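S.K.: Let me begin by handing over the structure; questions about it come next.
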Amino acid sequence: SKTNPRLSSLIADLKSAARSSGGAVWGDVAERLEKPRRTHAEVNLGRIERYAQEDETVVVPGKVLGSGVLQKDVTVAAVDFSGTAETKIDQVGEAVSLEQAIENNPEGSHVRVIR
Amino acid sequence: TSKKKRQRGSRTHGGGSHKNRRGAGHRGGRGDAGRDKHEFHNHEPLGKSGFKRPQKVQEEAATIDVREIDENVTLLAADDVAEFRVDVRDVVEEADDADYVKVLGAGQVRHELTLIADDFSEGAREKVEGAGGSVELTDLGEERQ
Amino acid sequence: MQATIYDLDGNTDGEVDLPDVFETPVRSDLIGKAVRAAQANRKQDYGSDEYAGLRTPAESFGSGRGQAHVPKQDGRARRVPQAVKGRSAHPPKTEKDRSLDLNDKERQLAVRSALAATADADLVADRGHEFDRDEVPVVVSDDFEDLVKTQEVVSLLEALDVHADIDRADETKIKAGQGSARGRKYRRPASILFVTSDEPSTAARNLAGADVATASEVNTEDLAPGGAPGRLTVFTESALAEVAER
Amino acid sequence: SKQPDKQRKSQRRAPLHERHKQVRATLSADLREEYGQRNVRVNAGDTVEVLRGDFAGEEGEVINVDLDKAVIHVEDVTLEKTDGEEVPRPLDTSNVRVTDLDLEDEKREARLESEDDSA
RNA sequence: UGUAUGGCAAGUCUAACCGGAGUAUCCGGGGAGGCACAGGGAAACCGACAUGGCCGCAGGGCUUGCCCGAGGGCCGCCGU
RNA sequence: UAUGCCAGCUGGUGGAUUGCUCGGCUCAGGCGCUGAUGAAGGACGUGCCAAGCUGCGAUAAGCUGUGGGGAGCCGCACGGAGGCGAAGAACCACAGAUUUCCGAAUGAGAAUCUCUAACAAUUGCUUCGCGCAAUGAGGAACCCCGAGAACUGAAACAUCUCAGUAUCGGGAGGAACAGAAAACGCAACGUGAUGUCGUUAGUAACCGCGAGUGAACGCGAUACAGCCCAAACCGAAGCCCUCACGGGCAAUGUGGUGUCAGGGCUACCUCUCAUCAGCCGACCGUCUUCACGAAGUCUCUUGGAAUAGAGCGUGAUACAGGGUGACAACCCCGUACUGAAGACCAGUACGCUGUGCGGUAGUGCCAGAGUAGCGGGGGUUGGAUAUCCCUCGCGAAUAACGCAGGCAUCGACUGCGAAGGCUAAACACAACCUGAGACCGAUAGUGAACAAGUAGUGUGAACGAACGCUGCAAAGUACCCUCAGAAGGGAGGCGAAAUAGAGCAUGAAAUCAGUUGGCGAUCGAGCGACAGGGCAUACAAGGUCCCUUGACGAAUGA
Ligand SMILES: [Cl-]
Ligand SMILES: [Cl-]
Ligand SMILES: [Cl-]
Ligand SMILES: [Mg+2]
Ligand SMILES: [Mg+2]
Ligand SMILES: [Mg+2]
Ligand SMILES: [Mg+2]
Ligand SMILES: [Mg+2]
Ligand SMILES: [Mg+2]
Ligand SMILES: [Mg+2]
Ligand SMILES: [Mg+2]
Ligand SMILES: [Mg+2]
Ligand SMILES: [Mg+2]
Ligand SMILES: [Mg+2]
Ligand SMILES: [Mg+2]
Ligand SMILES: [Mg+2]
Ligand code: NA
Ligand code: NA
Ligand code: NA
Ligand code: NA
Ligand code: NA
Ligand code: NA
Ligand code: NA
Ligand code: NA
Ligand code: NA
Ligand code: NA
Ligand code: NA
Ligand code: NA
Ligand code: NA
Ligand code: NA
Ligand code: NA
Ligand code: NA
Ligand code: NA
Ligand code: NA
Ligand code: NA
Ligand code: NA
Ligand SMILES: [Sr+2]
Ligand SMILES: [Sr+2]
Ligand SMILES: [Sr+2]
Ligand SMILES: [Sr+2]
Ligand SMILES: [Sr+2]
Ligand SMILES: [Sr+2]
Ligand SMILES: [Sr+2]
Ligand SMILES: [Sr+2]
Ligand SMILES: [Sr+2]
Ligand SMILES: [Sr+2]
Ligand SMILES: [Sr+2]
Ligand SMILES: [Sr+2]
Ligand SMILES: [Sr+2]
Ligand SMILES: [Sr+2]
């Protein structure tokens with residue numbers, strides 16, 4: 001059982017979006033967030049640079065960390081970003097909260113899941 | 001409700017027969033007893049292996065890969081900007097208590113670097129020279145002969 | 001956001017920008033953790049005498065006299081846990097660490113979040129406080145630190161429609177249970193926290209349920225008593241500013 | 001101290017001179033104005049009015065002051081025994097108020113009239 | 001040594017102790033040192049894949065079987 | 001229906017339960033030696049009446065002085081008699097008087113007494129006389145120096161482990177011990193007395209290389225403080241006792257100088273604010289005690305009693321806690337604020353007096369021996385070749401020399417001067433004072449809330465309990481009847497309550513008396529569960545239930 005009220009809300013909002021709109025991604029991300037913290041994603045930048053492409057939103061079902069270089073102009077969506085991660089992404093792209101990604105894209109289209 | 005909290009009424013508290021949880025016999029001896037007899041399993045084998053050199057004749061090098069230096073060049077604006085020039089002795093942490101500084105060659109070198117350190121590996125040179133640049137050995141690093 | 005400053009008569013005397021920390025998302029689980037730690041860290045070590053019940057040469061007679069193998073002395077059972085006057089089997093021990101640790105960042109985030117909960121009028125009313133305001137926290141001028149009388153602070157809070165909270169706290173409860181015999185007979189609701197800058201308000205401290213604090217050291221406990229976020233607070237203009245870099 | 005056990009201990013085990021504070025009663029409006037005090041150590045000879053017991057409303061002279069039991073005997077505030085004898089009902093000075101004082105002592109009068117000390 | 005939850009994250013945590021104070025709580029300071037950030041070798045000593053290939057779950061895409069396919073799987077290759 | 005079974009009712013018995021806390025338990029701060037000037041401890045005394053406790057000592061629950069305190073008092077302990085106190089008692093603080101006998105116990109002996117002037121015994125000084133002094137014994141633990149197990153662990157057991165633990169002998173203090181490098185050895189162009197705390201690290205090291213055992217340098221902190229002899233060169237310039245006189249000590253050396261920034265001596269430069277000795281002598285803080293100290297005891301209702309409810313009002317630098325006939329900031333003590341005193345810090349810091357720091361050149365004048373070191377045998381340690389120590393034997397150099405830097409020898413390099421000595425502060429404990437508590441709450445918590453180390457057991461060493469609660473106030477039951485009766489009983493009186501009447505709040509179960517309902521002297525034993533009948537039932541907190549008929553109608557089904 002989760003103890004964070006904000007994480008509980010995010011999961012509920014991800015579910016509401018997958019059931020209402022035409023998406024399967026937000027319900028898939030919700031299922032990984034309901035799982036234990038150790039299973040959650042701890043993704044560094046060097047991985048988003050390798051597998052992501054432009055005009056396709058990167059969804060991290062965990063947290064983005066600041067190791068490595070990111071050159072690509074990508075919109076990265078996560079539960080949280082480290083202080084350095086958010087700074088390094090905003091220089092070349094855009095660090096967006098998963099809560100914003102649900103309002104901007106409720107259908108969960110043109111999105112890549114990275115772990 | 002924990003496991004511990006549900007034990008009142010169980011009699012044996014999960015130990016099986018009440019003839020079980022007694023003394024060290026239930027453990028097969030106290031501590032590491034029988035590590036070579038009845039409980040030899042998954043124990044490191046008996047015996048001596050090797051020797052140790054005296055601690056004050058032991059050198060401890062401070063290591064850093066080219067990948068760490070190269071990934072943080074734009075962030076290291078507090079250092080020299082050449083035609084980049086960086087003294088490795090100022091980058092590595094715990095370089096005070098260490099005997100010498102060594103640059104190892106793991107990863108890629110995407111920039112043109114002029115590195116100054118006490119020691120370099122064969123692969124640390126190949127990657128800096130092959131990506132257009134030099135490797136400068138310190139006056140302390142003049143031990144290689 | 002903007003926070004309206006009030007003078008000693010309760011009239012609007014300008015307004016200053018409400019600092020960024022008051023927009024920190026309310027996180028009750030983290031606030032509750034910081035309070036649980038503070039309350040546990042002031043708890044004293046205790047334990048029964050290490051030799052209680054062991055001061056006897058009592059021996060068991062063994063088999064033979066139709067009696068249980070219980071250590072006896074002068075035909076009276078002793079020492080063992082099942083015996084009257086015997087030792088306590090697993091008693092409270094002094095050696096036990098009754099303190100809880102907390103990461104500085106996790107504790108600092110809780111102080112910030114508790115400070116932020118103070119800026120929400122609905123949370124403040126949900127916590128229990130009685131008041132007739134829309135804007136919260138109550139921001140008063142630095143000339144508050146110069147007040148000497150308690151009755152003068154009453155008048156200011158009556159002018160600020162925030163005195164109804166002290167009427168809530170003007171009722172002591174005589175607790176159920178033996179805490180009474182140990183000096184913990186009474187308890188009362190927590191009312192208004194007064195955060196100043198130089199010295200804690202000597203004038204406001206005796207008000208029913210009131211707590212006084214300073215912006216350099218105001219913690220999670222005085223900001224959120226019992227771990228419950230949203231305390232009705234009054235800040236000094238300089239306190240509001242100093243509580244920004246926390 | 002703050003501990004109840006220690007508070008009652010210090011009161012019940014207080015030395016004779018410290019027991020004077022246990023036999024103090026409040027002064028009337030006129031006497032509070034005249035001497036600048038709220039209360040006084042009740043003396044045998046003072047006139048007092050009962051404010052709380054079954055004898056509430058009655059006036060009388062203080063006949064005895066027992067420091068040991070920390071109680072006073074007031075005139076006509078009695079209990080009738082089985083044989084018919086009228087024995088005094090001990091009163092706690094906290095339930096009593098002083099209407100008139102006995103100032104035969106020069107030291108009690110001096111203490112009552114000075115602003116630096118209290119009686 | 002696991003697990004659940006929470007903070008921070010290529011870092012993380014302070015210990016003794018110091019200052020403050022509302023004086024055992026609490027606020028600030030303290031990174032000494034620990035663990036992590038490279039390994040292999042008794043030692044001397046040497047020192048690595050920020051991805052080269054193929055499958056493919058979830059998810060996404062399309063003109064609805066076809067593409068992209070993190071994680072995962074099978075290999076290569078690299079250090080000693 | 002006898003004996004009797006089950007449940008209940010009234011009354012016992014019993015003392016659980018609930019409520020209460022004069023005691024404990026634990027943590028924290030402060031403080032900390034006593035004794036031949038006879039301690040601590042014990043014995044026996046001591047009161048108007050006095051058995052226990054407490055106090056006290058033949059001046060015996062007390063005497064004197066100063067200060068505080070105050071109209072009361074004569075301890076625990078509420079009696080009777082009597083007495084003391086305004087000539088200022090009680091009570092508290094400080095100081096003083098007295099202070100029996102045994103007790104280190106010291107004139108000698110002795111189960112607390114006795115016999116004929118006593119530092120007994122061992123010492124130092126010495127007027128060689130017990131003339132002047134010292135030691136002895138105690139203390140909660142802490143501290144230092146010695147002696148030193150075993151159960152146990154290794155699943156046996158011997159080395160190892162338990163453990164330098166338990167226990168024993170000796171000894172100091174308020175704290176001990178340690179301590180100004182013959183150091184370290186991140187080997188350095190580096191550190192710089194010592195404890196202690198954190199870490200270094202379960203690392204190095206030990207080990208039937210099994211089980212196990214286990215540092216240090218360094219670093220970050222705490223607190224910081226460095227000095228004196230021996231000898232060289234001087235050579236009585238000196239020291240102790242005494243008011244003095246005078247005496248004693250001292251050439252086998254008192255005293256000066258000096259102490260690795262080596263020193264001395266010789267020749268010079270300059271200078272001192274170092275050091276050592278001595279005088280003066282706190283602030284602040286901390287701990288404790290004390291003085292002062294705001295505001296309702298108004299209305300109505302209930303009550304035995306407002307501290308309750310409703311109404312009106314007040315203080316607050318004070319809404320901590322306690323008391324008071326029930327829930328109290330404003331009734332009483334206190335509490336905040338301010339101020340006073342004592343103790344500790346501390347005879348310390350600062351200040352002062354005096355002395356005088358240091359440098360150059362020359363000089364083989366001086367610089368601690370059974371030592372350094374080697375060997376035999378043991379203990380101890382992580383100490384391994386490379387810990388520390390004991391024992392037996394052997395045994396050096398002289399600064400131009402010597403020791404150390406984790407095997408030995410020689411050289412180099414770096415460090416440092418052993419075999420003489422002193423030393424503040426930071427740290428341990430908890431007797432003592434004070435404070436605190438998510439500790440216990442009378443079979444708990446101390447063995448001990450009570451007569452508690454009490455009663456009691458044992459020749460002795462030693463062992464060792466149980467017992468808390470009337471009531472607002474004793475108003476603690478007058479009078480009368482009965483009786484062998486201060487018994488008990490009856491009647492009666494008090495109180496809100498006696499089913500609060502003395503081990504007296506509440507008053508469970510086991511269980512007992514009486515009694516109610518059900519069963520019962522022809523009948524069979526896990527005592528019941530589930531169904532269904534009899535008989536029994538005040539209210540309350542449950543309100544359903546029966547029969548004709550009718551509607552619906554699964555499986556089944558005439
Ligand atoms: Cl990654
Ligand atoms: Cl090695
Ligand atoms: Cl060093
Ligand atoms: Mg016990
Ligand atoms: Mg209860
Ligand atoms: Mg007066
Ligand atoms: Mg004798
Ligand atoms: Mg044995
Ligand atoms: Mg064994
Ligand atoms: Mg074996
Ligand atoms: Mg050992
Ligand atoms: Mg060392
Ligand atoms: Mg001299
Ligand atoms: Mg040994
Ligand atoms: Mg007991
Ligand atoms: Mg009773
Ligand atoms: Na068992
Ligand atoms: Na270092
Ligand atoms: Na005992
Ligand atoms: Na039996
Ligand atoms: Na503890
Ligand atoms: Na560090
Ligand atoms: Na019979
Ligand atoms: Na003391
Ligand atoms: Na007596
Ligand atoms: Na005496
Ligand atoms: Na003597
Ligand atoms: Na003599
Ligand atoms: Na065994
Ligand atoms: Na055996
Ligand atoms: Na061994
Ligand atoms: Na009263
Ligand atoms: Na030897
Ligand atoms: Na050395
Ligand atoms: Na009892
Ligand atoms: Na029936
Ligand atoms: Sr089990
Ligand atoms: Sr056992
Ligand atoms: Sr074997
Ligand atoms: Sr470092
Ligand atoms: Sr008395
Ligand atoms: Sr009494
Ligand atoms: Sr930190
Ligand atoms: Sr020093
Ligand atoms: Sr020497
Ligand atoms: Sr009992
Ligand atoms: Sr015997
Ligand atoms: Sr009667
Ligand atoms: Sr049968
Ligand atoms: Sr049908």
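A note on labels: chains of the structure tokens are A, B, ... as shown, every chain counts residues from 1, and ligands are counted from 1 in their shown order.
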What do you get as an MDAnalysis selection string if you pick all residues at most 9 Å from ligand 14, counting only C-alpha atoms (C1' of nucleotides) and all ligand atoms?

M.R.: chainID F and resid 160 163:164 379:381

S.K.: Restricting the output to N, CA, C and O atoms (P, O5', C5', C4', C3', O3' and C1' of nucleotides), write the selected residues as a PDB file, in the first residue's frame.

M.R.:
ATOM      1  P     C F 160      45.701 -21.500  25.719  1.00  0.00           P
ATOM      2  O5'   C F 160      44.664 -21.225  24.544  1.00  0.00           O
ATOM      3  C5'   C F 160      45.059 -20.573  23.337  1.00  0.00           C
ATOM      4  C4'   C F 160      43.873 -20.443  22.423  1.00  0.00           C
ATOM      5  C3'   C F 160      42.654 -19.758  23.017  1.00  0.00           C
ATOM      6  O3'   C F 160      42.755 -18.340  22.966  1.00  0.00           O
ATOM      7  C1'   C F 160      41.975 -21.740  21.946  1.00  0.00           C
ATOM      8  P     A F 163      33.947 -13.489  29.777  1.00  0.00           P
ATOM      9  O5'   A F 163      35.306 -12.970  29.136  1.00  0.00           O
ATOM     10  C5'   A F 163      35.933 -11.783  29.630  1.00  0.00           C
ATOM     11  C4'   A F 163      37.394 -12.038  29.874  1.00  0.00           C
ATOM     12  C3'   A F 163      38.167 -12.620  28.688  1.00  0.00           C
ATOM     13  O3'   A F 163      39.522 -12.183  28.771  1.00  0.00           O
ATOM     14  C1'   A F 163      38.417 -14.016  30.545  1.00  0.00           C
ATOM     15  P     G F 164      40.082 -11.018  27.812  1.00  0.00           P
ATOM     16  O5'   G F 164      41.406 -10.578  28.577  1.00  0.00           O
ATOM     17  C5'   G F 164      41.355  -9.631  29.651  1.00  0.00           C
ATOM     18  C4'   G F 164      41.032 -10.315  30.964  1.00  0.00           C
ATOM     19  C3'   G F 164      41.029  -9.351  32.146  1.00  0.00           C
ATOM     20  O3'   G F 164      40.079  -9.828  33.073  1.00  0.00           O
ATOM     21  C1'   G F 164      42.492 -11.065  32.631  1.00  0.00           C
ATOM     22  P     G F 379      53.637 -20.305  29.344  1.00  0.00           P
ATOM     23  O5'   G F 379      53.006 -18.952  29.892  1.00  0.00           O
ATOM     24  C5'   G F 379      52.489 -18.897  31.227  1.00  0.00           C
ATOM     25  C4'   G F 379      52.307 -17.468  31.663  1.00  0.00           C
ATOM     26  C3'   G F 379      51.398 -16.618  30.799  1.00  0.00           C
ATOM     27  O3'   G F 379      50.036 -16.850  31.110  1.00  0.00           O
ATOM     28  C1'   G F 379      53.360 -15.410  31.286  1.00  0.00           C
ATOM     29  P     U F 380      48.917 -16.675  29.973  1.00  0.00           P
ATOM     30  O5'   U F 380      49.068 -15.165  29.498  1.00  0.00           O
ATOM     31  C5'   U F 380      48.664 -14.089  30.356  1.00  0.00           C
ATOM     32  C4'   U F 380      48.999 -12.760  29.721  1.00  0.00           C
ATOM     33  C3'   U F 380      48.457 -12.544  28.319  1.00  0.00           C
ATOM     34  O3'   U F 380      47.111 -12.121  28.338  1.00  0.00           O
ATOM     35  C1'   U F 380      50.711 -11.906  28.359  1.00  0.00           C
ATOM     36  P     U F 381      46.180 -12.419  27.074  1.00  0.00           P
ATOM     37  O5'   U F 381      46.686 -11.390  25.973  1.00  0.00           O
ATOM     38  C5'   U F 381      46.535  -9.979  26.154  1.00  0.00           C
ATOM     39  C4'   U F 381      47.244  -9.241  25.050  1.00  0.00           C
ATOM     40  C3'   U F 381      46.834  -9.597  23.632  1.00  0.00           C
ATOM     41  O3'   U F 381      45.637  -8.934  23.253  1.00  0.00           O
ATOM     42  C1'   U F 381      49.179  -9.552  23.761  1.00  0.00           C
TER      43        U F 381
END

S.K.: Ligand 29: which residues are within 12 Å, counting only C-alpha atoms (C1' of nucleotides) and all ligand atoms, as a PDB file with N, CA and C atoms (P, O5', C5', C4', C3', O3' and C1' of nucleotides), in the first residue's frame?

M.R.:
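Saved to result_31.pdb:
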ATOM      1  N   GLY B  23      17.746 -25.365  22.755  1.00  0.00           N
ATOM      2  CA  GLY B  23      19.056 -24.731  22.721  1.00  0.00           C
ATOM      3  C   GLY B  23      19.758 -24.776  21.384  1.00  0.00           C
ATOM      4  N   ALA B  24      21.085 -24.743  21.435  1.00  0.00           N
ATOM      5  CA  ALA B  24      21.947 -24.754  20.264  1.00  0.00           C
ATOM      6  C   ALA B  24      21.940 -26.015  19.422  1.00  0.00           C
ATOM      7  N   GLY B  25      21.320 -27.081  19.936  1.00  0.00           N
ATOM      8  CA  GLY B  25      21.235 -28.340  19.211  1.00  0.00           C
ATOM      9  C   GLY B  25      20.346 -28.192  17.993  1.00  0.00           C
ATOM     10  N   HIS B  26      19.354 -27.304  18.115  1.00  0.00           N
ATOM     11  CA  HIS B  26      18.388 -26.973  17.061  1.00  0.00           C
ATOM     12  C   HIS B  26      19.071 -26.183  15.925  1.00  0.00           C
ATOM     13  N   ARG B  27      20.225 -25.588  16.238  1.00  0.00           N
ATOM     14  CA  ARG B  27      21.038 -24.810  15.307  1.00  0.00           C
ATOM     15  C   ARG B  27      22.222 -25.645  14.835  1.00  0.00           C
ATOM     16  N   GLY B  28      22.415 -26.795  15.475  1.00  0.00           N
ATOM     17  CA  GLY B  28      23.512 -27.689  15.132  1.00  0.00           C
ATOM     18  C   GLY B  28      24.838 -27.225  15.698  1.00  0.00           C
ATOM     19  N   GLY B  29      24.751 -26.509  16.810  1.00  0.00           N
ATOM     20  CA  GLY B  29      25.932 -25.974  17.447  1.00  0.00           C
ATOM     21  C   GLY B  29      25.859 -24.468  17.471  1.00  0.00           C
ATOM     22  N   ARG B  30      26.681 -23.865  18.321  1.00  0.00           N
ATOM     23  CA  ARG B  30      26.734 -22.425  18.491  1.00  0.00           C
ATOM     24  C   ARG B  30      27.570 -21.758  17.380  1.00  0.00           C
ATOM     25  N   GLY B  31      27.026 -20.685  16.791  1.00  0.00           N
ATOM     26  CA  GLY B  31      27.707 -19.953  15.725  1.00  0.00           C
ATOM     27  C   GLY B  31      28.007 -20.744  14.455  1.00  0.00           C
ATOM     28  N   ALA B  33      29.624 -23.453  14.128  1.00  0.00           N
ATOM     29  CA  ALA B  33      29.970 -24.826  14.494  1.00  0.00           C
ATOM     30  C   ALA B  33      29.615 -25.872  13.439  1.00  0.00           C
ATOM     31  N   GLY B  34      30.582 -26.747  13.181  1.00  0.00           N
ATOM     32  CA  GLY B  34      30.423 -27.816  12.217  1.00  0.00           C
ATOM     33  C   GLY B  34      30.501 -27.391  10.773  1.00  0.00           C
TER      34      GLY B  34
ATOM     35  P     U F 152      30.163 -27.351  30.972  1.00  0.00           P
ATOM     36  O5'   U F 152      29.902 -26.047  30.101  1.00  0.00           O
ATOM     37  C5'   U F 152      28.700 -25.276  30.288  1.00  0.00           C
ATOM     38  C4'   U F 152      28.788 -23.980  29.532  1.00  0.00           C
ATOM     39  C3'   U F 152      29.164 -24.115  28.072  1.00  0.00           C
ATOM     40  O3'   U F 152      28.042 -24.491  27.296  1.00  0.00           O
ATOM     41  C1'   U F 152      30.437 -22.389  29.038  1.00  0.00           C
ATOM     42  P     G F 153      28.252 -25.376  25.979  1.00  0.00           P
ATOM     43  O5'   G F 153      29.055 -24.415  25.003  1.00  0.00           O
ATOM     44  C5'   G F 153      28.477 -23.204  24.503  1.00  0.00           C
ATOM     45  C4'   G F 153      29.448 -22.532  23.572  1.00  0.00           C
ATOM     46  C3'   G F 153      30.109 -23.458  22.573  1.00  0.00           C
ATOM     47  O3'   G F 153      29.266 -23.794  21.485  1.00  0.00           O
ATOM     48  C1'   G F 153      31.758 -22.098  23.540  1.00  0.00           C
ATOM     49  P     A F 154      29.237 -25.309  20.951  1.00  0.00           P
ATOM     50  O5'   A F 154      30.651 -25.484  20.236  1.00  0.00           O
ATOM     51  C5'   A F 154      31.028 -24.617  19.156  1.00  0.00           C
ATOM     52  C4'   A F 154      32.490 -24.792  18.808  1.00  0.00           C
ATOM     53  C3'   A F 154      32.973 -26.190  18.452  1.00  0.00           C
ATOM     54  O3'   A F 154      32.629 -26.491  17.096  1.00  0.00           O
ATOM     55  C1'   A F 154      34.509 -25.173  19.941  1.00  0.00           C
ATOM     56  P     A F 155      33.027 -27.911  16.438  1.00  0.00           P
ATOM     57  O5'   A F 155      32.047 -28.975  17.113  1.00  0.00           O
ATOM     58  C5'   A F 155      30.627 -28.902  16.934  1.00  0.00           C
ATOM     59  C4'   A F 155      29.977 -28.617  18.254  1.00  0.00           C
ATOM     60  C3'   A F 155      30.082 -29.731  19.295  1.00  0.00           C
ATOM     61  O3'   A F 155      30.412 -29.199  20.582  1.00  0.00           O
ATOM     62  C1'   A F 155      27.828 -29.056  19.028  1.00  0.00           C
ATOM     63  P     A F 156      31.822 -29.576  21.261  1.00  0.00           P
ATOM     64  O5'   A F 156      31.789 -31.162  21.417  1.00  0.00           O
ATOM     65  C5'   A F 156      31.021 -31.792  22.455  1.00  0.00           C
ATOM     66  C4'   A F 156      31.780 -32.971  23.015  1.00  0.00           C
ATOM     67  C3'   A F 156      33.094 -32.675  23.725  1.00  0.00           C
ATOM     68  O3'   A F 156      32.887 -32.311  25.084  1.00  0.00           O
ATOM     69  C1'   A F 156      33.431 -34.432  22.204  1.00  0.00           C
ATOM     70  P     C F 157      33.546 -30.968  25.674  1.00  0.00           P
ATOM     71  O5'   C F 157      35.111 -31.255  25.649  1.00  0.00           O
ATOM     72  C5'   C F 157      35.673 -32.376  26.343  1.00  0.00           C
ATOM     73  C4'   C F 157      37.095 -32.573  25.912  1.00  0.00           C
ATOM     74  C3'   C F 157      37.938 -31.312  26.005  1.00  0.00           C
ATOM     75  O3'   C F 157      38.502 -31.160  27.306  1.00  0.00           O
ATOM     76  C1'   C F 157      38.120 -32.203  23.829  1.00  0.00           C
ATOM     77  P     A F 211      36.047 -21.377  11.442  1.00  0.00           P
ATOM     78  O5'   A F 211      35.450 -21.463  12.913  1.00  0.00           O
ATOM     79  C5'   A F 211      34.344 -22.326  13.230  1.00  0.00           C
ATOM     80  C4'   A F 211      34.093 -22.298  14.717  1.00  0.00           C
ATOM     81  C3'   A F 211      33.983 -20.901  15.300  1.00  0.00           C
ATOM     82  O3'   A F 211      32.670 -20.390  15.134  1.00  0.00           O
ATOM     83  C1'   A F 211      35.499 -22.151  16.593  1.00  0.00           C
TER      84        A F 211
END

S.K.: As a quick test: using only C-alpha atoms (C1' of nucleotides) and all ligand atoms, which residues lie no more than 9 Å away from ligand 41? Give them as a list in words.

M.R.: residues 13, 15, 16, 67, 68 and 69 of chain D; 75 and 76 of chain F

S.K.: Could you give me the residues within 12 Å of ligand 28, counting only C-alpha atoms (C1' of nucleotides) and all ligand atoms, as a PyMOL selection string?

M.R.: chain F and resi 119+123-133

S.K.: Do a neighbour search on stretch 48-59 of chain B at 8 Å with only C-alpha atoms (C1' of nucleotides), toss out local chain neighbours closer than 6 positions, and write the hits as a PDB file with N, CA and C atoms (P, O5', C5', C4', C3', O3' and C1' of nucleotides), in the first residue's frame.

M.R.:
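Saved as around-v6.pdb:
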ATOM      1  N   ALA B  98      45.013   9.932  -2.029  1.00  0.00           N
ATOM      2  CA  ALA B  98      45.438   8.966  -3.041  1.00  0.00           C
ATOM      3  C   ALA B  98      46.902   9.190  -3.422  1.00  0.00           C
ATOM      4  N   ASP B  99      47.576   8.114  -3.836  1.00  0.00           N
ATOM      5  CA  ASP B  99      48.990   8.159  -4.225  1.00  0.00           C
ATOM      6  C   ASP B  99      49.233   8.836  -5.572  1.00  0.00           C
TER       7      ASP B  99
ATOM      8  P     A E  42      44.274 -14.716  -7.355  1.00  0.00           P
ATOM      9  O5'   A E  42      45.131 -13.843  -6.331  1.00  0.00           O
ATOM     10  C5'   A E  42      44.784 -13.777  -4.931  1.00  0.00           C
ATOM     11  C4'   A E  42      46.032 -13.638  -4.086  1.00  0.00           C
ATOM     12  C3'   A E  42      46.894 -12.415  -4.348  1.00  0.00           C
ATOM     13  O3'   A E  42      46.406 -11.281  -3.656  1.00  0.00           O
ATOM     14  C1'   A E  42      48.271 -14.316  -4.286  1.00  0.00           C
ATOM     15  P     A E  43      46.262  -9.882  -4.425  1.00  0.00           P
ATOM     16  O5'   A E  43      47.769  -9.447  -4.701  1.00  0.00           O
ATOM     17  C5'   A E  43      48.689  -9.234  -3.618  1.00  0.00           C
ATOM     18  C4'   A E  43      50.112  -9.245  -4.127  1.00  0.00           C
ATOM     19  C3'   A E  43      50.456  -8.196  -5.174  1.00  0.00           C
ATOM     20  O3'   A E  43      50.777  -6.943  -4.576  1.00  0.00           O
ATOM     21  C1'   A E  43      51.223 -10.298  -5.904  1.00  0.00           C
TER      22        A E  43
ATOM     23  P     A F 204      42.564  -7.396   6.600  1.00  0.00           P
ATOM     24  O5'   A F 204      43.889  -6.987   7.380  1.00  0.00           O
ATOM     25  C5'   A F 204      44.939  -6.282   6.710  1.00  0.00           C
ATOM     26  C4'   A F 204      46.027  -5.914   7.684  1.00  0.00           C
ATOM     27  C3'   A F 204      46.630  -7.053   8.483  1.00  0.00           C
ATOM     28  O3'   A F 204      47.599  -7.787   7.747  1.00  0.00           O
ATOM     29  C1'   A F 204      46.199  -5.236   9.921  1.00  0.00           C
ATOM     30  P     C F 209      45.350 -26.676  12.170  1.00  0.00           P
ATOM     31  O5'   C F 209      44.450 -25.452  11.718  1.00  0.00           O
ATOM     32  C5'   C F 209      44.887 -24.110  11.905  1.00  0.00           C
ATOM     33  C4'   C F 209      43.933 -23.173  11.219  1.00  0.00           C
ATOM     34  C3'   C F 209      43.896 -23.295   9.702  1.00  0.00           C
ATOM     35  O3'   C F 209      42.611 -22.866   9.255  1.00  0.00           O
ATOM     36  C1'   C F 209      44.679 -21.165  10.290  1.00  0.00           C
TER      37        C F 209
END

S.K.: Could you give me, as a VMD selection string, each residue of chain D that DSSP assigns to strand (DSSP E) when run on this structure's backbone?

M.R.: chain D and resid 24 to 27 39 to 41 47 to 50 59 to 66 71 to 74 78 to 80 86 to 88 96 to 100
